[PDB]
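1. Give me coordinates for this.
(2 chains, ligands or ions: 6)
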Protein chains: 2
Amino acid sequence: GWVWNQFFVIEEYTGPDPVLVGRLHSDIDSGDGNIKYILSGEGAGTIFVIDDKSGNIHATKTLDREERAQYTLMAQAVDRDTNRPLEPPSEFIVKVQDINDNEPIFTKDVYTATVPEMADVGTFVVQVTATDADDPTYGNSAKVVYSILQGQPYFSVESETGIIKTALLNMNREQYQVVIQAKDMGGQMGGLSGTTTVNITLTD
Amino acid sequence: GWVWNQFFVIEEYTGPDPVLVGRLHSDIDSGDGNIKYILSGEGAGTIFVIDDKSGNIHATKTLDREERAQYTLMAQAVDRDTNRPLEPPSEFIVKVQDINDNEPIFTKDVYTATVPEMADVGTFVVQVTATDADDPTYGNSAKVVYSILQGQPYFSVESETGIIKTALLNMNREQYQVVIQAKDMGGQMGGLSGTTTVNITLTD
Ligand SMILES: [Ca+2]
Ligand SMILES: [Ca+2]
Ligand SMILES: [Ca+2]
Ligand SMILES: [Ca+2]
Ligand SMILES: [Ca+2]
Ligand SMILES: [Ca+2]
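-> Residues are numbered from 1 along each chain as shown, chains lettered A, B, ... in the order given. Ligands and ions are numbered 1, 2, ... in the order given. The relevant structure is shown in the block below.
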């Protein structure tokens, strides 16, 4: 049930010379260059190039996991001269590994909501949503949390759902402007962040 | 006959933060962290460390292919809680990939040989040997070639065997000092190089 037929590459290779992805290899390759490795499939001969005596596969361009996350390719091993079937062809996959190179992005840049005056504490106002394109296989690198910049103590926001509620009894002033931040990494150090504005209007 | 159960690491990681070697993974890992990956064997828990929820394996120190070229490890997948056998344990290997970080090195720093005067052209004199620790799996990165710095036209050297021969008929002067260079990369651009001296003495 193990899985070994895959290699990994980092999103955003901002480096000088092309990078190695992995190496194909048949146990019959005795090191005398009489065996010819061949790529084929998604990206073969373009994004992914192979040296057919060694088996090394290289990434020719810089890849974005948001554009494509996974390339499925084929691996053959033929006889240098006759090009006969030496090893049956087998599939393998290269995974553009994620980096948290995208901030949370509020669907809207401005929300408009209404809530009644003199409402009890915890009255629902509106729910904001910051989407995050980072889709790591696992990890909290894309875990969005909502916090209230401007609006306290009048309003509280729910860290996980972006639901805004009233937080002061018996509310003088008619319109409040709230600012909510969506920070990834679970809000931890170095997390990226986007913001939005919520223009609430009390009602009678 | 294909071989996928191996990862690669570059010799001489002179980089700031530790590097990723590869990732273990069972097809039953449904992404809910209920599966626990385990390392064991050569270097496990020391040189090579694993995060048991992800499966990522990291190189903690910088490795030298001249010291060790190959580490054989084990891979297990158990149930987070019961630690039952979930996937049978399977071997895999990490290969410290070569860089040409070693020059040719003449066994000796000075050779002493004798050859008769008036000898015919091509008379054997001595054979020098420059060893090269770089042992790439394949490639000419460690291909040593011998060239004659000082000694022409009196002597010629064989590019591949480091055999020195007489190259001038009817040889006035009694002792000649020859200098031979051993350059790797097949002598190509950027190849490293070591040298030696050969003090020859003509005879009657
Ligand atoms: Ca990107
Ligand atoms: Ca990304
Ligand atoms: Ca993110
Ligand atoms: Ca070294
Ligand atoms: Ca080396
Ligand atoms: Ca060398």
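2. Mind splitting chain A into its structural domains?
-> Partitioning chain A according to curated CATH domains yields domains covering residues A:1-99, A:100-204.
3. so which residue of chain A comes closest to ligand 4?
-> Closest residue of chain A to ligand 4, C-beta to the ion: residue A:20 (18.9 Å). Where C-beta positions appear, they are placed from N, C-alpha and C, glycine not excepted.
4. quick one, which of the domains of chain A is nearest to ligand 3?
-> Among the domains of chain A, domain A:100-204 sits nearest to ligand 3 (C-beta to the ion), with 3.5 Å.
5. next one: phi and psi at the most centrally placed residue in chain A?
-> A centroid search over chain A (C-alpha atoms, centre = their mean) returns residue A:134, at 2.1 Å, as the residue closest to the centre. According to degrees, to the nearest 10, the main-chain angles of residue A:134 amount to phi -60, psi 120.
6. what about residue A:83, which SS state?
-> Assigned by DSSP: H, G, I helix; E, B strand; the rest coil, the conformation of residue A:83 is coil.
7. wouldn't it be in contact with residue A:35 here?
-> No: in this structure, residue A:83 is not within contact of residue A:35 by C-beta atoms under 8 Å, at 11.1 Å.
8. now the most far-flung residue of chain A relative to its centre: how far from residue A:202?
-> Each residue of chain A has a distance to the centre, and by C-alpha atoms, centre = their mean the biggest one is for residue A:172: 45.5 Å. The spacing between residue A:172 and residue A:202, counted by C-beta to C-beta, to the nearest Å, is 9 Å.
9. State the helix or strand in which residue A:91 lies.
-> Secondary structure from DSSP states H and E places residue A:91 in strand A:85-97.
10. That strand near ligand 1 anywhere?
-> No: using C-beta under 5 Å from the ion, strand A:85-97 stays clear of ligand 1, with a minimum separation of 9.5 Å.
11. got the buried residues for that strand?
-> Neighbour-count burial for strand A:85-97 flags A:86-87, A:92, A:94, A:96-97 (criterion: 16 or more other C-beta atoms under 10 Å in any protein chain shown).
12. try stretch A:36-53
-> Within stretch A:36-53, the residues that qualify as buried are A:36-39, A:41, A:43-44, A:47-50, A:52-53, counting by 16+ other C-beta under 10 Å.
13. Could you dump those residues into a markdown table with distance to ligand 4 added?
-> Converted to a markdown table, the buried residues of stretch A:36-53 look like this (distance: C-beta to the ion, whole Å):
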| residue | distance to ligand 4 |
| --- | --- |
| A:36 | 32 |
| A:37 | 28 |
| A:38 | 33 |
| A:39 | 31 |
| A:41 | 37 |
| A:43 | 34 |
| A:44 | 34 |
| A:47 | 32 |
| A:48 | 30 |
| A:49 | 28 |
| A:50 | 27 |
| A:52 | 29 |
| A:53 | 25 |
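14. Among those residues, name the ones in strands.
-> Judged by DSSP state E, the subset of these located in strands is A:36-39, A:41, A:48-50.
15. Any chance of CSV for those, columns distance to ligand 3?
-> Below are those laid out as CSV (distance: C-beta to the ion, whole Å):
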residue, distance to ligand 3
A:36, 43
A:37, 37
A:38, 38
A:39, 32
A:41, 30
A:48, 27
A:49, 31
A:50, 33
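16. any idea which of those is the one closest to residue A:104?
-> When these are ranked by distance to residue A:104 (C-beta to C-beta), residue A:48 comes first, at 32.1 Å.
17. could I get the domains of chain A as TSV with distance to residue B:27?
-> Shown next, in TSV, are the domains of chain A (distance: least, C-beta to C-beta, whole Å):
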stretch	distance to residue B:27
domain A:1-99	5
domain A:100-204	14
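18. for these, which one sits closest to residue B:148?
-> Per C-beta to C-beta, nearest to residue B:148 of the domains of chain A: domain A:1-99, 30.7 Å.
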